[PDB]
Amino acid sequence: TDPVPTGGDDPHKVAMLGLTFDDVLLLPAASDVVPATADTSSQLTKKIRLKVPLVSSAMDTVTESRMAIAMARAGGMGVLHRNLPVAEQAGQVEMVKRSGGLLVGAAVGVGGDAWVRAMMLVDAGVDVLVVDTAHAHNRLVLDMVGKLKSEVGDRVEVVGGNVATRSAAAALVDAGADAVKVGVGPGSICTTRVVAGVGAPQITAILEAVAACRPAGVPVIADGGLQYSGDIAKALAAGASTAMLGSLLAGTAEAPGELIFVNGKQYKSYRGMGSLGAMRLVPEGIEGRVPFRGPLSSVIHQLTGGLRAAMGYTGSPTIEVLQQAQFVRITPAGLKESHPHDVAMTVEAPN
């Protein structure tokens, strides 16, 4: 019997071919939709629907109270980070609720201290708890999701993550999750791929997680690796219902941290939660900076405008129709020309 062409005698050792966002484009289709008439609303969880299908990352350089307020007013939601005392995180929930009863979420870990944290957040009025781990395919994480749903599941929605396979998503569904968050490897500040050699390209990870979650009616949150507004449209067409953004929002006025004026240009700090600085395990994230981008309201406007353009080209009046769109796969030669190919740019572009 002949060998597998890439080596050895086991045809399942190399189990899949993984696609990322840069590997695909959306095909145009017959359409009566124009960008202005598209409806961008979508489910965050079984019970919660958002007007704009975007949430901010649970990171100490992205989401505290000011970002959560601005995201909710823009039609999305923020998830407050958990790298601070319980009493301070619960107080940031109250500040958001004092600005109009806006929707808000908050991250928790696994174990006894994370349980005390979760109960204080519920008492403060939080709408969504996010069980927030590097590897959710573990019985202790599944137990945490199920115990929260049993005790406070009537009052608050419970998200679990992160996963990158069909089998991991199915395990969270069986544990009672109200949404499943997908992403191991893809984030802009992630070094899991080179430190551990572990990960999954994000278009294939979404397609596999959706194969388990869609038949059960559980929404999927696509978390990490989104670099352009067009990546949001690709993630939702692969079957996700919302997208979570770190890098794209870390440059805004509302993100925690001060402005950095260096060489006449401006920046703000952005770091992984598994970086040396955030943990103060070998680190699985870096500490860096991103360009300053101005007010959050204007960033969200440009991102939703690109999504609306994609809905016009694909004939999708709603996000549920966009989830049925088709891809064309591209080669390396086709990606290099996608970033403005060979015409000296001179003027600023908003998107």
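By rigid core we mean the largest C-alpha set that fits within 1.5 Å across both forms. Note that residue numbering follows the sequence shown and begins at 1.
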After core superposition, the stretch with larger RMS C-alpha deviation in 8 other deposited structures of this protein, comparing 138 to 146 and 231 to 239, is 138 to 146
Outlying stretch relative to shown form, 70 to 78 versus 258 to 266 in 8 other deposited structures of this protein, C-alpha RMS (core): 258 to 266
Missing residues between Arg280 and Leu281 in the deposited sequence, please: none, 1 to 3, 4 to 9, or 10 or more. 10 or more
Entry-level comparison of average CA B-factors, 292 to 300 and 320 to 328, reporting the higher stretch: 292 to 300
Which is higher on mean Cα B factor in this entry, 329 to 337 or 16 to 24? 329 to 337
Per the deposited B-factor column, the C-alpha that peaks among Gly160, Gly246, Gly183, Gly251 belongs to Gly251
Would you mind finding, among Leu172, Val131, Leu80, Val262, the residue with the largest C-alpha temperature factor in the entry? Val262
Would you check the entry's CA temperature factor for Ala87 and let me know if it's in the chain's lowest, middle or highest third? highest
Name the third of the chain's ranked CA B-factors that contains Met311, choosing lowest, middle or highest. lowest
Chain-relative CA temperature factor third for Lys234: lowest
Record-listed C-alpha B factor of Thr37: chain third: highest
Of the three thirds of Cα B-factor ranks in this chain, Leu54 occupies the middle
